[PDB]
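Asks: My questions will all concern the structure given below.
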Amino acid sequence: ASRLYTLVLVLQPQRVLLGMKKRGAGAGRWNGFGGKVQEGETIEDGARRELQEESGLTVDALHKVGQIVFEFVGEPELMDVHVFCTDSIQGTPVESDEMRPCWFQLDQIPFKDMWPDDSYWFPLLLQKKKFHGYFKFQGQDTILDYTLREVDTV
Ligand SMILES: Nc1nccc(-c2ccccc2)n1
């Protein structure tokens, strides 16, 4: 029914790292770093692995910040996205064929060039709030309906 994904935001006091995907799901959009969780792999281990694969960064300890379930009408599998944040990383962001990373000042987060759901839950992430969300999409751009509530335990 649902498929596990990870999403990692490198969020520091005055800036956040995003990556511009070159192809595939989310191409042409700034997003965090993540992907599918593998068999026998913890969600958190999958989040660390994907951060390195896509951005070249090594994270020390991830913090759970949210869970967002995505529905795309006409697609059978729900996307169960486990969202993490970190402020302590190692390495320098690496641009590859697949991904172009860039730091953004918090007052210049490029929401018009991001998935539209980000405009709803990023304000919570920036104020250190935890959340459970659900977004029903039609295509890649239209949110048909959604729920989003703050939680004390992800
Ligand atoms: N910001 C945002 N919005 C919608 C979907 C996603 C996503 C995250 C991880 C993996 C696949 C999709 N991310």
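Start at 1 and count along the chain as shown; that gives each residue its number.
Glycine residues also receive a Cβ, built from the backbone N, Cα and C atoms like all the rest.
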Asks: Could you look at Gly34, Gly40, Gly66, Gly74 and say which one Swiss-Prot places alongside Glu54, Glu98 in the Mg(2+) 1 site?
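Replies: Record source Swiss-Prot; matching candidate: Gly34.
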Asks: Cβ under 8 Å, sequence separation of at least 6 from the ends of the motif 'Nudix box' (35-56): give me the contacting residues as numbers and ranges.
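Replies: Same-chain contacts beyond the flanks: 3-8, 10, 17, 19, 62, 82, 84, 91-94, 96, 98-99, 101.
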Asks: Hey, does DSSP put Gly34 (8-oxo-dGTP binding site) in a helix, a strand, or just coil?
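Replies: The residue in question, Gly34 (8-oxo-dGTP binding site), is strand (DSSP, three-state).
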Asks: Nearest by CA distance to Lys21 (8-oxo-dGMP binding site): which of the binding-site residues is it, out of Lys36, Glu53, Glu98?
Replies: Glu98
Asks: Express the distance between the Cα positions of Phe33 (2-oxo-dATP binding site) and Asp117 (8-oxo-dGMP binding site) as a whole number of Å.
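Replies: Their Cα atoms are separated by 16 Å.
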